[PDB]
Every structure is written in structure tokens, then in C-alpha cells.
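[1] before the rest arrives, take these chains from my complex:
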Amino acid sequence: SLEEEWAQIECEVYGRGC
Amino acid sequence: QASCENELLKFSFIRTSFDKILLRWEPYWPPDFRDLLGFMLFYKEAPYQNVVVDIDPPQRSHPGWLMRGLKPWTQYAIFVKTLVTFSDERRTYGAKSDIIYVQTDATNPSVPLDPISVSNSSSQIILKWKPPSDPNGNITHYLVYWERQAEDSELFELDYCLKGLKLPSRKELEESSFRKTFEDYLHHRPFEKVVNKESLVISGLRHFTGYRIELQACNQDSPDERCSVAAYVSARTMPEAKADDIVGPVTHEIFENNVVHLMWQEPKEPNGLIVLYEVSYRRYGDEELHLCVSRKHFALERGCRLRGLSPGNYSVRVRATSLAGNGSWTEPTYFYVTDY
């Protein structure tokens, strides 16, 4: 889904949370 | 002080949903990487192609963003402009991107509103409705199901001429907010597909019967049909005027003890059901005398019983009463009792 992809990309490039 | 971006940004990944959009663009870094204060993403609802969110800088590949509050089946104009710092040297003006257009997907449409059913004839129901206020796509066709509702089982075993014979003749802001809240809460029967119409005539129906009609709107037909919740309406066809008439003359039989048995053909196809039979007789010069027969009475006695009357010639008329109304009076039949 879009939300999980966004969470993964936020893990990758912005690093927030994760 | 002003926006004089000279270089160019390019989008490399766009993925939509029914109410979200995820974008990516190529990474950007000025010669001094500290000058980047982040990105700015502009998006607006642009129905025609004749045309702010702040994003933190990425760590030191492809950055991205995700919009969540977008309406379905709408077109959005989106472009991303960088935000740089006016340094002590020849300013790095940064880059912005062209205006792109992204359309969100579709979802289940809203419920069709204002359904009105009117029975003009005795077998046709004219159904009208207005398109839903939230189509969420191109409404391909409406789906109408209709189901025949049987008569109440309680009315089939009730004696009606007994006492109790009343037959059924078969601050605006607060209210606006109430209805707004309740509409916002919403995020093989014989049928018909209405295409490019807002009204449908139902033909081939039983006379004077109750019909429950379920109405839906749909925006996708062949690939795994997906569409709205149902709107429910009820209707009742008008009755045939002569359908309650009792056919055949009223047969009479007389026993040896001045006992009279009355037979009359049942109204095979009445308007719903027959609640009672009224038998009115009056001899030559007497006052009219009426008698009630309930369904159980008629079933038990196969007609009606008469006994203990003065000698003379009586005329009998029988009328059947149904849900629609009183039937036609039977032609009088004359009989003469034995007076010994």
C-alpha cells in the first residue's frame, strides 16, 4: 500500500522513527 | 528576496491512490550543501490544464512526499521548488520543477438521493431519483432491484367485524448539522441496469401489492463491479377496480328446519386479501338487515348460516371487502323459506 511505501521511504531518506 | 530559480527539477516516480498521492523527484544539492533549507511543494485543485508544504532536506537518495487529504477523481497541479540561502558569494539560485498534473483514483460513489416511487397504473411503478452528490467518478449506470413483500401474516387470522374494525386504508442549523453528520458517517432478485437515465418504469407487477425497491449507483461495469450503498424505497401499485367483484350467483340451500346455507364463490384474485364478507338481506317491506362473515367464519361454515326468521321472500346481496376498499354489490337473489 501507499502508506507502507511512504513509511519505508521515510526510513530510507529522512530516517524519522524506524 | 524573490524566487529566481534557474535550474530544473524532474519527477521520477508518481503513484496515486483514491485519496493519497506519493511523489519523488531527482535529488538536488547546491555547490555548498549547507545552503539547502529544504523543499517547498505547491499543489492545488486544477480542473483545467490552463494553469504549500515544507519538506525537510534529505540526509547526506530520491526524496519524496505524500499528500493525504485529497478528494477522489480530481486533478491536481503539483510542482516542487527548492529553498536556498542567500550566501556571501554569487547566490546559488536553486531549481524548481515544471507544473505536472496528477489525477487521483476513484472509489465507491455516494448513495443516490431523493428516490420517489409513484404507482400511476395498476401494474407499473414510476421511479425517479437524482444523481448522487458525490459521484467519485463517472457514474456508468444505476442498479435497481425490486422485491415483492408478502402480506402480514397477522392479518390472515383476524376477525374484523368484532370491535376494533379500523382497517388501515392501504434552529435549522441543528437539523442541518445532524444530517451532515449522518451523511458524513458514510465515509436472485429481479433487477435492471438503468444507463444514462434518472427514471425507470416498472412493468409486469401484481395488482395492489407491496414492493420494496433497492437503488444503487455504479461507475464500473465489467472489471469487477464496485459501487455504492443502497437507498431503499417502498411502493404499492394501484388496485384494479373490478378485481374484488364476486362472480357467480349466490347459491342457497334450505334445510327442513328452516336452516339456510349460503354458498358464494370466493374472489380468487382479490386486492391483497378479503377481510370480511357482508351479507345484506331485507324482505318485502322490512328494514335492511346486515351480517358480517370473517375469514375463519367463511372457512368453517363454507358460506353462511341463517335460521329463525319470519315467513316471507328475502333478497340476498353479498359484498366482499378488501384492503383497497369495498367491492361491488352482488345482484340480488330471491329465495322463499318453507313455512310449513
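    Yep, it's here. Numbering: from 1, shown residues only, chains lettered A, B, ... in the order given.

[2] around chain A, pick out the residues from the stretch 51-200 of chain B.
    B:56, B:58-59, B:61-64, B:66 (Cβ under 8 Å from any Cβ of the partner chain). C-beta coordinates here come from the backbone N, C-alpha and C atoms, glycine included.

[3] let's see which of the residues you listed end up in strands.
    By the criterion of DSSP state E, membership of those in strands covers B:64, B:66.

[4] just the buried members of the residues of the stretch 51-200 of chain B next to chain A?
    The neighbour count (16 or more other Cβ atoms under 10 Å in any protein chain shown) marks B:58, B:63-64, B:66 as buried among those.

[5] now the closest residue in space to residue B:85 that isn't next to it in sequence. Its backbone dihedrals?
    Nearest residue to residue B:85 in three dimensions, chain neighbours excluded: residue B:35, at 4.4 Å (Cβ to Cβ, 6 or more residues apart in numbering or on different chains). Dihedral angles of residue B:35 (phi, psi; degrees, to the nearest 10) stand at phi -70, psi -20.

[6] what do you get for residue B:155?
    Here residue B:155 shows phi and psi, under degrees, to the nearest 10, equal to phi -70, psi -10.

[7] surely it meets residue B:273?
    Yes: Residue B:155 lies in contact with residue B:273 (Cβ atoms under 8 Å); the separation is 6.6 Å.

[8] more neighbours: which of these two?
    The neighbour count for residue B:155 versus residue B:273, taken as other Cβ atoms under 10 Å in any protein chain shown, is higher for residue B:155 (16 against 13).

[9] how much space is there between the spatially closest residue to residue B:37 that is not a sequence neighbour and residue B:196?
    The shortest distance from residue B:37 to any residue other than its chain neighbours is 4.6 Å, reached at residue B:83 (Cβ to Cβ, 6+ apart). Relative to residue B:196, residue B:83 is positioned 50 Å away (Cβ to Cβ, to the nearest Å).

[10] check residue B:253 too.
    Residue B:253 is 64 Å from residue B:196, by Cβ to Cβ.

[11] can you show me the strands along the stretch 51-200 of chain B?
    B:53-55, B:64-67, B:75-83, B:95-97, B:100-103, B:113-118, B:125-130, B:141-149, B:191-195, B:199-202 (DSSP state E, counting those that start in this stretch).

[12] distance to residue B:335 added to the ones you listed, as JSON lines?
    Below are the strands of the stretch 51-200 of chain B laid out as JSON lines (distance: least, Cβ to Cβ, whole Å):
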{"stretch": "strand B:53-55", "distance to residue B:335": "96"}
{"stretch": "strand B:64-67", "distance to residue B:335": "90"}
{"stretch": "strand B:75-83", "distance to residue B:335": "85"}
{"stretch": "strand B:95-97", "distance to residue B:335": "102"}
{"stretch": "strand B:100-103", "distance to residue B:335": "84"}
{"stretch": "strand B:113-118", "distance to residue B:335": "47"}
{"stretch": "strand B:125-130", "distance to residue B:335": "46"}
{"stretch": "strand B:141-149", "distance to residue B:335": "42"}
{"stretch": "strand B:191-195", "distance to residue B:335": "54"}
{"stretch": "strand B:199-202", "distance to residue B:335": "47"}
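
[13] single out the most deeply packed of those.
    Ranked by mean neighbour count, the strands of the stretch 51-200 of chain B are led by strand B:95-97 with a mean of 21 (mean count of other Cβ atoms under 10 Å in any protein chain shown).

[14] on that earlier part again, and the two most separated of the buried ones among the residues of the stretch 51-200 of chain B next to chain A?
    With distances taken as Cβ to Cβ, the most widely separated pair in these is B:58 and B:66, at 14.7 Å.

[15] what about residue B:253 and residue B:196, which has more around it?
    With neighbours defined as other Cβ under 10 Å, residue B:253 and residue B:196 compare such that residue B:253 has more, 11 against 8.

[16] one more, chain C:
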Amino acid sequence: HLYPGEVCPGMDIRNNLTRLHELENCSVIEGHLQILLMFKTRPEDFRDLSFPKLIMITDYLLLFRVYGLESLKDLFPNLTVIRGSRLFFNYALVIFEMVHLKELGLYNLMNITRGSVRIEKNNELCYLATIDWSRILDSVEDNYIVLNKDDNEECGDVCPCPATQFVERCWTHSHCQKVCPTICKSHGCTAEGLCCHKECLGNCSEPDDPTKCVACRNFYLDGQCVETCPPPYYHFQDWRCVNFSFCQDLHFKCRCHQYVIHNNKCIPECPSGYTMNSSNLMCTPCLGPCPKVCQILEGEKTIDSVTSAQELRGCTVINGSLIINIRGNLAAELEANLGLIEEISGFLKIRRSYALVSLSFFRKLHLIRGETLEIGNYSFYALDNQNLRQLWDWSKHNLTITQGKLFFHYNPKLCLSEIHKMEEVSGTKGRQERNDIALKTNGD
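    Chain C, in position alongside the others:
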């Protein structure tokens, strides 16, 4: 006795039956009950579902678009009182667009203490004209019962019971409305016709006895209806009596309606002109402005206009951060909403606020803690303010920033003298580094 089960909190149930089983044990719902948006259910699912222990609903009951439910006579056969503490748009019982509903079935309902009834758009609902709403509600002029099956005459409402044009009164086909003698004004009567105690309400198993009621009229304590809770008990939810420990525990569990004690009442918040004492949880009068600490979600809040700032009215200390992004009676009503704040725990940011001419609306602001900071350790943020001309009149105003740095960028109408004066006053002179206060894009 008088409430053998537990006390559930109010709940909303949607799309499934799993949560509905949480009411299996509790006797009185201390909240509102909503049942709505259940599409895949069928009458084969509601056959074995019954809650005979539900006796009392405090605020209201809402039913909306439930498929497969034909009668409530199997769900709530012992619901007696709906108090109506907080209503639903001034409605204590709402049944809207409730398809497949044939008869009401609330044959044990006796009193709706406050509110009205809204039954609407049920194209199969019968048994509505055979209900004497004058015996249940005090004022029936506010009912709204239209557009159902009863109006378009199609219902053969037949019932065996006293009547009241005189017409029979009944709830279902085999249940008739219980009407007490007029001497039993609201205390209810037993089957034989004897009035219950003065504190009963609706029904009683034994007439003339306080502990044999069904629902108390005033308050409930240890299975005994009471006019007023004797000390050391305090009234609670306007319907029961609880000791000090219970209210204190409810207050502590918020560490949300942190409850306080005032005038022998455990109320959600102290009224105006009072502040909670941290020693014994009693609302005491305050001198001058009563401090009102306000908490915000995630330590951040965006004020886009006056409406978003309306919630901040009366606050003095904020345990979070403020982000002002107002693009358009301004600078005057904003002073009404925010002109009381005296401390901000996090950071203050003004970003792309085109309308603001000056920050004077923060009249009382004297301290910014800066415990939580924007990326880069910034406590005061100012970005692209096209019309910001004056921060604070430093000849009369005072301020202090405990932690964090400053960040001024793209403020065309902000003289560097003002920024340097702010640096002097706040004491953060030795904190800023290069490229922290923009030099040649301010004050033009």
C-alpha cells in the same frame, strides 16, 4: 444489588459484532451507546444475541443503518432509564435509516429523564402510534417521528392492556406498555399497582423499599438509592457516589478529563475563577488570572486562522510548540485568543504569515523554554514573513529564551536592529553561529 454487573463506558460499534460482546457483564453504561454501519450482518446473527443485564444508559442510544436487526426486544429487554446527561443534538434516542427494523421492542423503557426522540426513515417500522410518549418523556413537543412505515398506513399493530381518541398502548405484538397509576407520578409501580419508594424510578421488585429499586432517581450507593450522598462520598457523573480514592485514581490515570473535587462533586475540570490544588484535589479561588496549562498533541500546533486559535483561548502556559501560518479584525481578535500566554515550553515559529504586521498579540509572553526544538536546535523560527515589521516593543516588553537558537530568513521589513535587540534581550548572543540570522535578506 440494584446493579449486579459492572459499569461499562460508552462505546461506538461499527461493521462488526465482536465489540458488542463487551457489554456481556456490565449492568449500566456510563456513556453513550452507538450502533451503526453494519452491512454484512444477517438476522441469523442477531438471534442468539441478548443483553438482559443492561438497565440504564446515561447519555443516549443511537442506531443507524444496521442490516438484519428486526427488533430490539431481544437486544435490550431490560433497558429502563435513559438519563440523557449529554444528548445527541438534543436527542436521547435516535433511530435513523434503520432498515429491516419492524418493531421497537423496548418494552421495559419507562423514563427518558432529559432529551427527545428522533425515529426516522425506517420503511418497515411498525408499532409507533401505539406508544404513549407522554408517559415516558416529560415534554413531547420536541419529538421528530416522520417518514417511516407508520405514516404511510401499512401497519397492522395488534396487541392484547390499558389504553389511553382512546387507543390501545403497546410496544410489540405480545408486549403492552406498562402504565402506572397517576399517583405513582414518576416512582413507578409494581405489577399489583402499589407505588414504589420515593427514590425508585420506573420499576421496583418490592414496593415501598429503597434497596429494592431498579434505577435510582437521584443517586446510587452500595445498592441503595439515596437523595444525596453522605460524606465522605462525592457525587459523580450526576448519578452515583464515589469516595475520594476513586476520583483521585481517575485523576492520576491521566498521567482525558483529570477530575477535581469542588462543592462535593468530582467534576472533569474546575470552573472559571478556580484552580486545582495539587495537595488534595480541591478547586480553590485564584488571585488575578487563573493559570490554565494547556497541552497539545505531538508538541506542535498550527494556527491557520482565528478559528484554529479559538481553542487556545484563556491559556497561559503551553507545554508544547506554536506554529503560526496565518495568511489572512485580525491582530485584534488574535490578541483576545492568544494575549494571555506567559510561557511556551517548546519553540515558537512564524512561517509564511503574510497578514501579520507585528507580534504584539503575544502581549504576556515572557519565557520560551525551548525543551523541544526544530531540527538544528531552533527555539525562535521566522521564515518568509512579507509584512513582519516589529517583534516586540523592547522598551516596554521583556523576554527570555532558555534553550535553542534564532533563525530569521526572508523577512524583508525587519530591521537588523530589532533582531540584534532581541538577541541582546533574550541573552542568546553567544549561541547563534554563521548563517543562523540571515544578513542581507532582512530589512529591505
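
[17] residues from chain A in reach of chain C?
    Close to chain C, as judged by Cβ under 8 Å from any Cβ, chain A has no residues.

[18] chain A against chain B: which residues are in contact?
    Residues of chain A found near chain B (Cβ under 8 Å from any Cβ) are A:2-3, A:5-6, A:9, A:12-15.

[19] without its sequence neighbours, what residue ends up closest to the residue in the stretch 51-200 of chain B that chain C sits nearest to?
    Here the stretch 51-200 of chain B gets closest to chain C at one residue, residue B:168, 4.1 Å apart by Cβ to the nearest Cβ. Residue nearest to residue B:168 in three dimensions, not counting chain neighbours: residue C:153, with 4.1 Å by Cβ to Cβ, 6+ apart.

[20] what's the neighbour count on that neighbour?
    12.

[21] which residues touch it?
    B:168-170 (Cβ atoms under 8 Å, 6 or more residues apart in numbering or on different chains).

[22] sorry, back to before: out of the residues of chain A next to chain B, which end up buried?
    A:2, A:6, A:9, A:13-14.

[23] residue ranges for the helices of the stretch 201-340 of chain B, please.
    Secondary structure of the stretch 201-340 of chain B, counting by DSSP state H, counting those that start in this stretch: helices at B:295-301.

[24] show me where it has strands.
    Under DSSP E, counting those that start in this stretch, the stretch 201-340 of chain B gives strands at B:210-218, B:231-236, B:251-254, B:259-263, B:274-283, B:289-294, B:304-307, B:313-322, B:333-336.

[25] quick one on the thing from earlier: what about the buried ones among the residues of chain A next to chain B, which are in helices?
    A:2, A:6, A:9 (DSSP state H).

[26] leaving out chain neighbours, which residue sits closest to the last one?
    What sits nearest to residue A:9 in space, not counting adjacent residues and going by Cβ to Cβ, 6+ apart, is residue B:64, at 5.3 Å.

[27] what bridges to the one you found?
    With DSSP bridges as the criterion, residue B:64 is bridged to residue B:24.

[28] before we move on, what about residue B:232?
    Per DSSP bridges, residues listed as beta-bridge partners of residue B:232: residue B:214.

[29] cool, residue B:54 as well?
    Going by DSSP bridges, residue B:54 forms beta bridges with residue B:40.

[30] residues in contact with the host helix or strand of residue A:4: which ones?
    Using DSSP states H and E, residue A:4 sits within helix A:2-9. For helix A:2-9, the surrounding residues in contact (Cβ under 8 Å, 6+ apart) are B:15, B:17, B:20, B:22, B:24, B:64, B:66.

[31] most widely separated two among these?
    Counting by Cβ to Cβ, the most remote pair of the contacts of helix A:2-9 is B:17 and B:24, 15.1 Å apart.

[32] for residue A:15, list the residues it contacts.
    When contacts are counted by Cβ under 8 Å, 6+ apart, residue A:15 touches residue B:59.

[33] again with the one 3 residues further on
    Residues touching residue A:18, when contacts are defined by Cβ under 8 Å, 6+ apart, comprise A:10-11.

[34] quick one: it and chain B, what's the gap?
    From residue A:18 across to chain B, the span is 12 Å (Cβ to the nearest Cβ, to the nearest Å).

[35] tell me which element that residue falls in.
    Residue A:18 is part of no helix or strand when elements are defined by DSSP H and E.

[36] tell me the domain ranges of chain B?
    B:7-103, B:113-170+B:188-236, B:251-336 (automatic domain parsing).

[37] can you tell me how far residue B:23 is from chain A?
    10 Å.

[38] do residue B:179 as well
    If you measure residue B:179 against chain A using Cβ to the nearest Cβ, the figure is 32 Å.

[39] now residue B:29, what's its secondary structure?
    coil (DSSP: H, G, I helix; E, B strand; the rest coil).
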